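What follows is each chain in one-letter form.
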Amino acid sequence: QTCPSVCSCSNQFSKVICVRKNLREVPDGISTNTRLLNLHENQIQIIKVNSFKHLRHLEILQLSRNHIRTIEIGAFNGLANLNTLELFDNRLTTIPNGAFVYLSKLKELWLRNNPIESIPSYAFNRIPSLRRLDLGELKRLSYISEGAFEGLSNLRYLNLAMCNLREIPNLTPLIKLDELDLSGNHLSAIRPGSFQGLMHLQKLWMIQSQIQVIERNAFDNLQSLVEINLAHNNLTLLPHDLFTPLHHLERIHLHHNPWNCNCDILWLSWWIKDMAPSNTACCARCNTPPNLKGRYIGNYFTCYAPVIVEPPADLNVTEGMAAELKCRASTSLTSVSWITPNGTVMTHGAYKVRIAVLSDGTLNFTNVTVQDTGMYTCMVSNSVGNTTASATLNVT
Amino acid sequence: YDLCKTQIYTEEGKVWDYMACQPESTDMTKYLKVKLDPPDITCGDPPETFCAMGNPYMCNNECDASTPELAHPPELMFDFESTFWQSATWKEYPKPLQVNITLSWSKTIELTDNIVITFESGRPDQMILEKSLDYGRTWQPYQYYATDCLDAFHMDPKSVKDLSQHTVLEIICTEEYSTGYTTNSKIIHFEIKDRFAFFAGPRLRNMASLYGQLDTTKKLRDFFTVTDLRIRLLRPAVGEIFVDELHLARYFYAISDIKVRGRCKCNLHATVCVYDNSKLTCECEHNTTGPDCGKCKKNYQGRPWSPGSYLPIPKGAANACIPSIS
Ligand SMILES: [Ca+2]
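Residues numbered from 1 in each chain as written, not as in the entry; some residues may be left out. Chains lettered and ligands numbered in written order. Heavy atoms only, no water. Residues with missing side-chain atoms left out of burial classes, pairs and counts.

- Determination of this PDB entry was carried out by X-ray crystallography to a resolution of 3.25 Å, according to the record.

As for unusual backbone geometry
For step 1, the next point in the chain: Cis peptide bonds are those with omega within 30 degrees of zero, and the linkage from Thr 288 of chain A to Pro 289 of chain A qualifies with 0 degrees.
For step 2, the next point in the chain: As for its position among the elements, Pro 289 of chain A is in the loop between strand 20 (286-288) and strand 21 (308-310).
For step 3, the next point in the chain: The amide bond that connects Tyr 93 of chain B to the next residue, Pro 94 of chain B, takes the cis arrangement and shows omega of 0 degrees.
For step 4, the next point in the chain: Residues other than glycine seldom take positive phi values, yet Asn 277 of chain B does so here, at roughly 55 degrees.
For step 5, the next point in the chain: With respect to the helices and strands, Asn 277 of chain B occurs in the loop between strand 17 (273-276) and strand 18 (279-282). (Helix = DSSP H or I, 4+ residues; strand = E, 2+ residues; numbered from the N terminus.)

Considering the nonpolar core
For soluble globular proteins, nonpolar side chains are generally found buried alongside one another.
For step 1, the next point in the chain: Counting residues in hydrophobic clusters, the biggest one holds 88 residues, and the most contacted among them are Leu 63, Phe 195 and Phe 219 of chain A.
For step 2, the next point in the chain: If one sorts the elements of this core by residue count, helix 1 (residues 266-275) of chain A sits on top with four residues. (Core = buried A, V, L, I, M, F, W, Y, C linked by side-chain atoms within 4.5 Å. Buried < 20%, exposed > 50% of the residue type's maximum accessible area, 1.4 Å probe, protein only.)

Some words on the interface of chain B and chain A
For step 1, the next point in the chain: Contacts between the two partners involve 22 residues from chain B and, on the opposite side, 35 residues from chain A.
For step 2, the next point in the chain: A class-by-class count of the residues in the side of chain B that touches chain A yields eight nonpolar, seven polar and seven charged. (Contact = heavy atoms within 4.5 Å. Nonpolar A, V, L, I, M, F, W, Y, C, P; charged D, E, K, R; others polar.)

Digging into the pairing of strand 11 (residues 140-146) of chain B
All names here are of chain B.
For step 1, the next point in the chain: The buried count for strand 11 comes to five of seven residues, which makes it a mostly enclosed element.
For step 2, the next point in the chain: By the bridge criterion, six bridges tie strand 10 (residues 126-132) to strand 11 in an arrangement that is antiparallel. Counterpart to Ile 128 in the pairing with strand 11 is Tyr 144.
For step 3, the next point in the chain: In the sheet, strand 11 pairs with strand 12 (residues 173-174) via two bridges, with the strands oriented parallel. The residue of strand 12 that forms the bridge with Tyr 145 is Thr 174. (Pairing = 2+ DSSP bridges.)

Some remarks on the pattern of salt bridges
Residue and element names in this part refer to chain B.
For step 1, the next point in the chain: This structure, assessed with the given rule, holds 17 salt bridges over all chains.
For step 2, the next point in the chain: Linking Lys 259 and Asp 257 is a salt bridge whose minimum nitrogen-to-oxygen distance equals 3.8 Å.
For step 3, the next point in the chain: Among the residues examined, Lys 259 registers a relative accessible area of 35% and is labelled partly exposed.
For step 4, the next point in the chain: Residue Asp 257 is classed as buried on the basis of its relative accessible area of 8%. (Salt bridge = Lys/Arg side-chain N within 4 Å of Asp/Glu carboxyl O.)

Topic: the domain arrangement of chain A
Frequently, the measure chosen for interface size is the accessible area removed from exposure when the parts meet.
All names here are of chain A.
For step 1, the next point in the chain: Entries for chain A in the domain assignment read domain 1 (1-298) and domain 2 (299-396).
For step 2, the next point in the chain: Its C-alpha centre places domain 1 at a distance of 43 Å from the equivalent point of domain 2.
For step 3, the next point in the chain: Counting residues at the interface gives 11 residues for domain 1 and 12 residues for domain 2.
For step 4, the next point in the chain: Residues belonging to the side of domain 1 that touches domain 2 are distributed by class as follows: six nonpolar, three polar and two charged. (Domains from an automatic or database assignment.)

Overview of the UniProt feature "disulfide bond" in chain A
Residue and element names in this part refer to chain A.
For step 1, the next point in the chain: Look at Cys 327 and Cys 378: UniProt pairs them in a disulfide, but at 3.3 Å between sulfurs the bond is not present in this structure.
For step 2, the next point in the chain: For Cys 327, the position within the fold is in the loop between strand 23 (324-325) and strand 24 (328-329).
For step 3, the next point in the chain: In this fold, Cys 378 is placed in strand 29 (residues 374-381). (Disulfide = S-S within 2.5 Å. UniProt positions renumbered as here; feature names shortened; annotations may be inferred.)

Quick look at the domain arrangement of chain B
All names here are of chain B.
For step 1, the next point in the chain: Splitting chain B by domain gives domain 1 (1-24 + 265-326) and domain 2 (25-264).
For step 2, the next point in the chain: On a C-alpha basis, the centres of domain 1 and domain 2 stand 35 Å from each other.
For step 3, the next point in the chain: The interface is formed by 17 residues belonging to domain 1 together with 16 residues belonging to domain 2.
For step 4, the next point in the chain: When the two sides are added together, the surface that domain 1 and domain 2 hide from each other amounts to roughly 1500 Å², 62% of it contributed by carbon and sulfur.
For step 5, the next point in the chain: At the boundary of domain 1 with domain 2, the tally comes to one salt bridge.
For step 6, the next point in the chain: The salt bridge partner of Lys 107 is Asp 292, with a shortest N-O separation of 2.9 Å.
For step 7, the next point in the chain: Taken together, domain 1 and domain 2 are joined by seven residue pairs in polar contact. (Buried area = accessible area lost by both parts, 1.4 Å probe. Polar contact = N/O pair within 3.5 Å; in protein donor to acceptor, adjacent residues only side chain to side chain.)

In structure tokens, the structure reads:
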């Protein structure tokens, strides 16, 4: 029933608009019937204890584009139905631990464009119901804890864009995570060790993250991945059959990158040709050589099959000793996959348990067994063709 | 270049010494007249819900013309600065959301500073900045702005920094204002000060080099002269080529402020400019007549019409109209 003179209320009092009006303190006179409270573009700095105590039906609370520097402990007390909490473009130096405590309905929380210095351990743990979180545009960020995202087992969306981070933080407690945004950062090079534990992730955004190279078997852990955005990066080439373990993948964004078009970019060319339909996600163009510069991707030029440096030699060895099947390739780009006499195919990406394949392509054995004897074949694959090399192993 | 006529004392009598004139460069947006096509583009009737640039799931704020706090009329684009104008989200898919913002003047105006179009939500993936010297009859393109220049306009992506002193009048397509993950993520610029910098210099102290070229070359002088301006919007900020269909509320146009600074064309004959009957007109001096002082006043037709020149600095050549021969 009650309405403040500064704020513009609606009939039945569900939407309370306080936009454009200048306010230094939180306006007193908000009705209990209120479901939406908009306080965008204001001069409010401190959110006092029990400021939204009587508001039990309030779902969306907009406290964006304000001068909010400090939030008290009992500030968000009394809000049982609060789902969305807008806190973007403020003066917050640190995340208030005592603020986000008793919220069962909270699913969305935006905190972008704030001068937040450090994210501490067990942050957002008191609010596990959260499904969407945005911690973007943190220009004054200097520290990220190990257990920073701990407790957020139900979170699906996370935005760590423009935080100027060099390495991917601990995103392991985010099991249900589907969408991740790491765009506009200072990410040097994507290593295979990174992104592990994000099995349920489908969308990844790495737009203008200053990436220079993507190492072999980097996106192998992201099995359920559907879309990757790697636009506006300093990438020249990609490793052969990188998107092969990613079965559910369909859309890849590779535009605005200095691509060096040659024999090694043919697998990516055929991916756009057949795997991608009438609608293509990217409009990628070459930078080097200058004669091919600015042309759209998608075998006229001279190309050759992969060449093996050292073929696997037949060796006689006894049980217990360490065995090796040497198979080096001419270029580091080629993907090496061994075929055991059992029938199973072993690659470099797989875990190094007993029988393993390293970067050079050598098949290393820790302990030789009876069942291991037979005929071993190595298949070196390139974006143009395939070459095989036969070997016989003797177990005594 | 503020004074027109000064009391001069000669050996034989005492008359006036005529010099080059130039009015003060001020915020021109106060004198323009905005035109939008389609005119129903401004959201309000019926009220619509929009999404901010920050998150695609951030859909809580709405637009309503009936309430002044939620209304976004085109008047806010020229408001003293933040207030912003907004367009209706493209509900009609796959019909291209094309908006034309015609900035009419009905007077010749020579630009002095960069045309800055500060946006509120995203920078368009396809945009053309247009001009007119014939009061809106024909349209000449100033600069093109796109995400992929070779695909959108069939041109090679260039920049003002890549241009030269001999290629100032060249029309280029830039990718500088395409991405939204850098500083100035919501600002579109039309480099005029940088185009003057090829002659004047990086410091802009040696104005004599710029002034000298403007008096000799007519085409260079006409390049900065405008009677009308147009913001040809083609595709809104989508980022990725593959556009969403279920949530069309994410895509729309939003302009915070437009910075159009310059002087009215007086052909170096006037300093005073009166905005009489909703139109800016030159208060003609040096015995000149017309809207831009382009014609000699009858009875002052001794020598043919010639505009004033800046050289020498500061007292430039006026080239005033002399009386007719009996
Ligand atoms: Ca404004």
